[PDB]
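Asker: take this sequence and fold it.
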Amino acid sequence: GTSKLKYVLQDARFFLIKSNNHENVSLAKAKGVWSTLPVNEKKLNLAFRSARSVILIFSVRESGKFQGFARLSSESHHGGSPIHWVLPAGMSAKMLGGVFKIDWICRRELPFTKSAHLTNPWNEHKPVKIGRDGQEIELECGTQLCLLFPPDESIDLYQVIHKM
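Answerer: Residues are numbered from 1 along each chain as shown. Let me share the structure:
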């Protein structure tokens, strides 16, 4: 059902994560980790202390889709096992901030065509698909977006609930 999912999303905060390539989202799904630039790392660390759940909703640029969503399980941390992210332009791995641990809630895709009715008040009421990496999504919009995703039968939210 959807009941444990709704429980995890209660009073949560939501952030749009934009990746320029599928490889980094695949790494995140395999390893349960995410890394972002320092401006967003600061916002996510602040958010993690402020709310019972912080949800990252992932979208690969030019894919026309979201690739899933996950809950922060930690603040960012440095010096752990390295992650071979695929970086753009000429920025190096040092420019990327710490590493957040994440628990996936849904690893299934959702096409943008299915979220066309959802607008984000925190981005001028543009469709929720529109937003820079790190854009916060208002509570009601973020909750409804997460509930549009196909259920991911491989994930048991029992252990997620216990970390809250």
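Asker: rest of the way, CA atoms for contacts and neighbours
Answerer: OK.
Asker: which residues are in contact with the residue nearest to the spatial centre of the chain?
Answerer: Geometric centre of the chain, nearest residue: residue 56, 1.6 Å, by Cα atoms, centre = their mean. Residues in contact with residue 56 (Cα atoms under 8 Å, 6 or more residues apart in numbering) are 14-17, 69-72.
Asker: go with 10 Å
Answerer: 13-18, 34, 44, 68-72, 102, 104-105, 134, 136-137, 142 (Cα atoms under 10 Å, 6 or more residues apart in numbering).
Asker: just checking, which of those residues belong to helices?
Answerer: Here DSSP state H is the test, and those give 44, 142 as lying in helices.
Asker: now, the contacts of residue 56 that are in strands?
Answerer: Using DSSP state E, the members of the contacts of residue 56 that fall in strands are 13-18, 34, 68-72, 102, 104-105, 136-137.
Asker: before we move on, the earlier item: how far away is the residue nearest to the centre of the chain from residue 90?
Answerer: Counting by Cα to Cα, to the nearest Å, the gap from residue 56 to residue 90 is 26 Å.
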